[PDB]
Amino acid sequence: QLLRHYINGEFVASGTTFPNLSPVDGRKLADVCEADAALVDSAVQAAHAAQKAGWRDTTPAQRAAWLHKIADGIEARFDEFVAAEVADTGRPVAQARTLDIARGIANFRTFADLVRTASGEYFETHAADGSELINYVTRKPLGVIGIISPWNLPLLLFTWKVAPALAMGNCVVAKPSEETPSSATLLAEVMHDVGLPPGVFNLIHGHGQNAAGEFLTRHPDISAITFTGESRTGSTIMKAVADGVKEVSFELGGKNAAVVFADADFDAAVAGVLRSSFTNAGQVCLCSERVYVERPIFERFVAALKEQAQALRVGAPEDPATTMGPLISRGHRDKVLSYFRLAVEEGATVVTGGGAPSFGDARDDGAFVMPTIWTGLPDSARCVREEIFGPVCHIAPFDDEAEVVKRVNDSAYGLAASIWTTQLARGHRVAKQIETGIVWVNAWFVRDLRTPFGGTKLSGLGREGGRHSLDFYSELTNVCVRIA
């Protein structure tokens, strides 16, 4: 199998290639083409031309119909998409079916429905001099959107940017993670099979720094960059687009807290924190790596979570009993295991986990790590402040509400938080104080796609979802007409 670029309506091979390797057993899955700067420029030019060749002038109804054809096209190959996603990431099959591919599909239908119903603002102005004017706000595409998408939830986070960009009449040059090329290449096959006009959607494969990703961010003819991934890489991109003052939309790192009050539903909160710590082997920007538990239930809470974490089954996705997969790569695992080392240096009590398992077969050539729980670290320790992006949480006691609010907000990140309580007043008054883009109460990672999603502080720039997506992927123009 060879994974090719998709440029101006046709698949294209290129220069050097690199192998796509399984995080489960290290086996070679495919070769992947690597786009050089000339090839990236090729794609950007194809997208600019497709703008002028008529895509810019499609109606919202025409665009929504295209989005629904694409969504139909994914469904028709649903199992192919699942198998591709599982092979790239090692994600358990059941989770790939219901969280990854399904939500990938829902992204297209959601923005299709939103651009069909979307309207605009109208204002009447009565000027001091007695004149009268009308104002209305129109939208046109930015033009060409460059999309650099992350490896942790590959199809989901890719379609999350591609669907609204196309919905607002932009063309797209998209570069998926070098670790997870497969489902994006299948999406290109769908684009091709439904006959999207050539150059409207372009896929380029390759690496990031000094490679295709960078080239894309520095191209003078892109109109904006959308990015999900590490905060440091967000900063690099922000500098790269600066001279062209390009638009940017960032979803970056987090060091999210879960707070469990003594009045919580105890067994739901333990199950909830298990999910928010170890889903996708803790490789979700929304995962909870800090937990604060009110002191009277702190010891029992640690004990109960330890039991449930040790009952997880770490392994290959073809095993129906598997409930946590590997990390994305042995390189990422080296970074996570180095934090696990640092926790011991910082004096942590290792409640469970703290290393990689041993299988005694080809799974040892993969990238597995055990679910890990720490206690005993102060709020100042590097391991409770710095994002690890592995399956780990630290748990600490707290004594009162004003204290734990401050401890939650003590972070240079501000992506998400979850709070567990049964009390009406407490639930609302605590949630409104948390300096994050999202706060869940007695829940986690429930995503209504109409709501504003993004981060504060180091965790992001802008919001997506609903009208925030409509406004980001568009240029707003206020048309002000004198009528008297």
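One rule holds for the numbers: they count along the sequence shown, beginning at 1.
Asks: Comparing average C-alpha B factors as deposited, tell me which of 15-23 and 468-476 sits higher.
Replies: Taking the mean B-factor of the alpha carbons in each, 15-23 is higher.
Asks: Take the C-alpha B-factors listed in the entry for 286-294 and for 208-216, compute each mean, and give the stretch with the larger one.
Replies: The deposited B-factors put 208-216 ahead on the C-alpha mean.
Asks: Highest Cα temperature factor in the entry, among the options 379, 265, 179, 75: which one is it?
Replies: Spelled out: the listed residue with the top C-alpha B-factor is 75.
Asks: For the CA B factor values reported in this entry, which option in 172, 336, 93, 163 has the top one?
Replies: In the PDB entry, the greatest C-alpha B-factor among 172, 336, 93, 163 is found at 93.
Asks: Which third, lowest, middle or highest, does the CA B-factor of residue 51 fall in along this chain?
Replies: For residue 51, the deposited C-alpha B-factor lands in the highest third.
Asks: Taking the chain's C-alpha temperature factors as the reference, tell me which third residue 38 falls into: lowest, middle or highest.
Replies: Top third by C-alpha B-factor.
Asks: Going by what the PDB entry lists, where does residue 300 fall on CA B-factor within its chain: lowest, middle or highest third?
Replies: Lowest third of the chain for residue 300's C-alpha B-factor.
Asks: With respect to C-alpha B-factor, does residue 408 fall in the lowest, middle or highest third of the chain as deposited?
Replies: Within its chain, residue 408 is a lowest-third residue by C-alpha B-factor, going by the deposited values.
Asks: Looking at the C-alpha B-factor of residue 451, is it in the lowest, middle or highest third of its chain?
Replies: Its C-alpha B-factor, which the entry lists for residue 451, ranks in the middle third among residues of this chain.
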